[PDB]
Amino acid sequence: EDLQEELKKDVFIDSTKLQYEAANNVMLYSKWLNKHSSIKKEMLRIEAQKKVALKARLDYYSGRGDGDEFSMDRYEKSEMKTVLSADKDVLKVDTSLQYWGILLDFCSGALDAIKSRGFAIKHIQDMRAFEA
C-alpha cells in the first residue's frame, strides 16, 4: 500500500519546474530501482527457505520423519503435491514469498511509469513550444 501511495505522488508533475523534473525523473528511477533490487535479494532469501521446508516436510510425510513426528496417512505420490501445499509450515513461506512477488511486480510498473513521465515532460516542452 505504501508502494502504490509512493508512486502515485511521484508521477504527478510540477509544470513550473520542468527543467528540474526532467532531472529528478532519473532520480526517481534510481529510487525505485533501489527498492526493486533489495526485494529480489529478499525474495532470494525467502525462496531459499522455501527449498528447505518442502524437503523437511517431504521427509515427514514419506515416513522419514521430521522431529518426533511421522505421518500415518501414508500419502501416495498422487497425493503429495496437495499435501505439501496445504501444509501449515510450507504455506507460511509461500505466502510471504508470493507477497514479495507482488511487491516486486509493482516496481516493474513504476519503472514503466517513470520512463514515460520523463517522456511526458519533454512532450510538455514540445506541446507548449508550439504556441511560441
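From 1 onward, residues are counted along the sequence shown.
Among the modelled residues of its chain, residue 62 has a C-alpha B-factor that falls in the lowest third according to the deposited record.
Ranked by Cα temperature factor within the chain, residue 23 sits in the middle third according to the deposited record. Compared with the other modelled residues of the chain, the Cα B-factor recorded for residue 78 ranks in the highest third.
In the deposited entry, the Cα temperature factor of residue 107 sits in the top third of values across the chain's modelled residues. When the CA B factors of the chain's modelled residues are split into thirds, the value for residue 88 lands in the highest one.
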